[PDB]
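What follows is the content of data-v7.tsv, which has TSV, C-alpha atoms:
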```tsv
chain	number	residue	atom	x	y	z
A	4	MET	CA	90.97	-61.53	-25.32
A	5	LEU	CA	90.79	-60.04	-21.81
A	6	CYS	CA	87.55	-60.02	-19.78
A	7	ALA	CA	85.67	-56.78	-20.52
A	8	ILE	CA	85.05	-56.37	-16.80
A	9	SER	CA	88.08	-57.69	-14.92
A	10	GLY	CA	90.69	-56.84	-17.56
A	11	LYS	CA	92.39	-60.22	-16.99
A	12	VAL	CA	92.76	-63.36	-19.04
A	13	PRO	CA	89.66	-65.31	-17.93
A	14	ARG	CA	89.93	-68.52	-15.93
A	15	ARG	CA	86.72	-69.59	-17.64
A	16	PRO	CA	86.27	-67.55	-20.84
A	17	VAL	CA	82.84	-66.99	-22.32
A	18	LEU	CA	81.40	-64.81	-25.05
A	19	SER	CA	78.20	-62.80	-25.10
A	20	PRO	CA	76.67	-63.10	-28.59
A	21	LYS	CA	75.04	-59.68	-28.10
A	22	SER	CA	78.22	-57.63	-27.47
A	23	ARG	CA	80.56	-60.17	-29.17
A	24	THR	CA	82.78	-59.59	-26.16
A	25	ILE	CA	84.78	-61.90	-23.91
A	26	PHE	CA	84.05	-62.21	-20.18
A	27	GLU	CA	84.95	-64.27	-17.16
A	28	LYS	CA	82.07	-66.76	-16.90
A	29	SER	CA	81.01	-65.95	-13.36
A	30	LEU	CA	81.21	-62.18	-13.91
A	31	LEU	CA	78.95	-62.31	-16.94
A	32	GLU	CA	76.55	-64.73	-15.23
A	33	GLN	CA	76.34	-62.38	-12.22
A	34	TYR	CA	75.10	-59.59	-14.51
A	35	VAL	CA	72.75	-61.89	-16.39
A	36	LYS	CA	71.16	-63.33	-13.24
A	37	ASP	CA	70.71	-59.86	-11.72
A	38	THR	CA	69.54	-57.84	-14.79
A	39	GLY	CA	68.81	-60.25	-17.66
A	40	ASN	CA	70.93	-58.02	-19.88
A	41	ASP	CA	74.35	-57.82	-21.50
A	42	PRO	CA	76.26	-55.27	-19.36
A	43	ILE	CA	77.95	-53.57	-22.32
A	44	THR	CA	74.91	-53.04	-24.62
A	45	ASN	CA	71.94	-53.48	-22.25
A	46	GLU	CA	70.40	-55.94	-24.71
A	47	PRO	CA	68.55	-58.89	-23.22
A	48	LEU	CA	70.77	-61.89	-22.63
A	49	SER	CA	69.95	-65.28	-21.13
A	50	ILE	CA	72.30	-67.71	-19.46
A	51	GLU	CA	71.60	-70.23	-22.23
A	52	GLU	CA	72.71	-67.72	-24.90
A	53	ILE	CA	76.17	-67.28	-23.38
A	54	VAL	CA	78.79	-69.15	-25.46
A	55	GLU	CA	81.24	-70.96	-23.23
A	56	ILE	CA	84.65	-71.21	-24.91
A	57	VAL	CA	86.51	-74.51	-24.92
A	58	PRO	CA	90.07	-73.93	-23.57
A	59	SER	CA	93.16	-74.51	-25.74
B	3	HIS	CA	96.66	-68.21	-23.36
B	4	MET	CA	93.61	-68.58	-25.62
B	5	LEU	CA	95.31	-69.84	-28.80
B	6	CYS	CA	94.00	-70.49	-32.30
B	7	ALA	CA	92.99	-74.16	-32.60
B	8	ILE	CA	94.68	-74.27	-36.04
B	9	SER	CA	97.91	-72.26	-35.57
B	10	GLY	CA	98.45	-72.71	-31.85
B	11	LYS	CA	99.29	-68.98	-31.66
B	12	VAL	CA	97.55	-66.01	-30.07
B	13	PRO	CA	95.28	-64.64	-32.83
B	14	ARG	CA	95.74	-60.99	-33.87
B	15	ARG	CA	92.09	-61.08	-34.99
B	16	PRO	CA	90.28	-63.70	-32.93
B	17	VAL	CA	87.04	-65.27	-33.97
B	18	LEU	CA	84.76	-67.89	-32.46
B	19	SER	CA	82.94	-70.72	-34.19
B	20	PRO	CA	79.51	-71.29	-32.60
B	21	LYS	CA	79.73	-74.99	-33.49
B	22	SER	CA	83.01	-75.93	-31.81
B	23	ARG	CA	82.85	-72.95	-29.40
B	24	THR	CA	86.54	-72.61	-30.23
B	25	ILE	CA	88.84	-69.65	-30.93
B	26	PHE	CA	90.63	-69.27	-34.24
B	27	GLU	CA	92.59	-66.77	-36.26
B	28	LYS	CA	90.02	-65.06	-38.47
B	29	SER	CA	91.86	-65.70	-41.77
B	30	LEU	CA	92.47	-69.38	-40.96
B	31	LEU	CA	88.88	-70.27	-40.04
B	32	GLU	CA	87.57	-68.30	-43.00
B	33	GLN	CA	89.86	-70.20	-45.35
B	34	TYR	CA	88.95	-73.55	-43.79
B	35	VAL	CA	85.25	-72.75	-44.22
B	36	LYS	CA	85.71	-71.59	-47.85
B	37	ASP	CA	87.39	-74.92	-48.64
B	38	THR	CA	85.21	-77.42	-46.77
B	39	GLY	CA	81.94	-75.69	-45.78
B	40	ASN	CA	82.47	-77.06	-42.26
B	41	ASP	CA	83.73	-76.36	-38.75
B	42	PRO	CA	87.22	-77.95	-38.45
B	43	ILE	CA	86.60	-79.54	-35.06
B	44	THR	CA	83.04	-80.93	-35.31
B	45	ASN	CA	82.83	-81.22	-39.14
B	46	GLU	CA	79.35	-79.63	-39.04
B	47	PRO	CA	78.27	-77.22	-41.79
B	48	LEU	CA	79.36	-73.70	-41.08
B	49	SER	CA	78.93	-70.50	-43.07
B	50	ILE	CA	81.36	-67.56	-42.96
B	51	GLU	CA	78.56	-65.33	-41.71
B	52	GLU	CA	78.06	-67.48	-38.58
B	53	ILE	CA	81.61	-66.89	-37.43
B	54	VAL	CA	81.60	-64.49	-34.46
B	55	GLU	CA	84.18	-61.72	-34.82
B	56	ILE	CA	85.30	-60.80	-31.31
B	57	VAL	CA	85.40	-57.11	-30.42
B	58	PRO	CA	88.88	-56.14	-29.17
```

Represent the structure contained in this file as structure tokens.
Amino acid sequence: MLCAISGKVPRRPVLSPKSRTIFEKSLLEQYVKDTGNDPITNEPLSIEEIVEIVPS
Amino acid sequence: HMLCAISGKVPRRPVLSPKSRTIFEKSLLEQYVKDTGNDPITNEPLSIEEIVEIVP
């Protein structure tokens, strides 16, 4: 449950439904805004498709 | 410190419900869904196949 990029427990955890992987929200959104793709699989991914995770 | 919404413990095999956008232990959410047909937080219909298994 670490961010796939930062390697840390996310402050704001989200999941990409394409890679089924956890990210820090802003780090995933940076990739999505810049490329329109999931950074692990290169599949298309929109901001609206990201699943924000409700904290415990 | 993402904990299962049922056990309150760090899941060994975390999964996400797309309805509640909430993390659970895989076995616990699967059992809840087998019993009720629903997401435990929102009470909406949920199938086992909709559960997102998170990639380690």

Identify which of the residues B:24, B:19, B:9, B:33 lies closest to chain A, counting all atoms listed in the file when measuring atom-to-atom distances. B:24

Quick one: everything within 9 Å of region 8-17 of chain A, counting only C-alpha atoms, minus sequence neighbours fewer than 3 positions away in the same chain. Send it as a list in words. residues 4, 5, 24, 25, 26, 27, 28, 29, 30, 31, 53, 54, 55, 56, 57 and 58 of chain A; 3 and 4 of chain B

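Here CA of residue 23 (chain A) and CA of residue 26 (chain B) stand 14.5 Å from one another.
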
Between CA of residue 22 (chain B) and CA of residue 47 (chain B), measure the distance and give it in Å to one decimal. 11.1 Å

Any idea what the distance is between CA of residue 49 (chain B) and CA of residue 7 (chain A)? 27.2 Å

Pick out the chain B residues within 8 Å of chain A. Count only C-alpha atoms. Give them as a list in words. residues 3, 4, 5, 6, 7, 16, 20, 22, 23, 24, 25, 54, 55, 56, 57 and 58 of chain B

Edge lengths and centre in Å to one decimal, as JSON, is what I'm after for the box along x, y and z that holds all listed atoms of region 31-46 of chain A once 8 Å is added on each side.
```
{"center_x": 73.9, "center_y": -58.9, "center_z": -18.2, "size_x": 26.1, "size_y": 27.7, "size_z": 29.0}
```

As a PyMOL selection string, please: the residues near residue 21 (chain A) (cut-off 10 Å, only C-alpha atoms, same-chain neighbours under 3 positions excluded). chain A and resi 18+24+40-48+52-53

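Summary of the local environment: counting only C-alpha atoms, residues at most 8 Å from residue 44 (chain B), other than itself and those fewer than 2 positions away along its chain, are residues 21, 22, 40, 41, 42 and 46 of chain B.
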
If you count all atoms listed in the file, which residues fall within 9 Å of residue 32 (chain B), apart from same-chain ones fewer than 5 positions away, as a list in words?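 The contact residues come out as residues 27, 37, 49, 50 and 53 of chain B.
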
Expected file contents, prior selection, C-alpha atoms, as a CSV table (one decimal), in the coordinates of the input:
```csv
chain,number,residue,atom,x,y,z
B,27,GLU,CA,92.6,-66.8,-36.3
B,37,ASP,CA,87.4,-74.9,-48.6
B,49,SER,CA,78.9,-70.5,-43.1
B,50,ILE,CA,81.4,-67.6,-43.0
B,53,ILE,CA,81.6,-66.9,-37.4
```
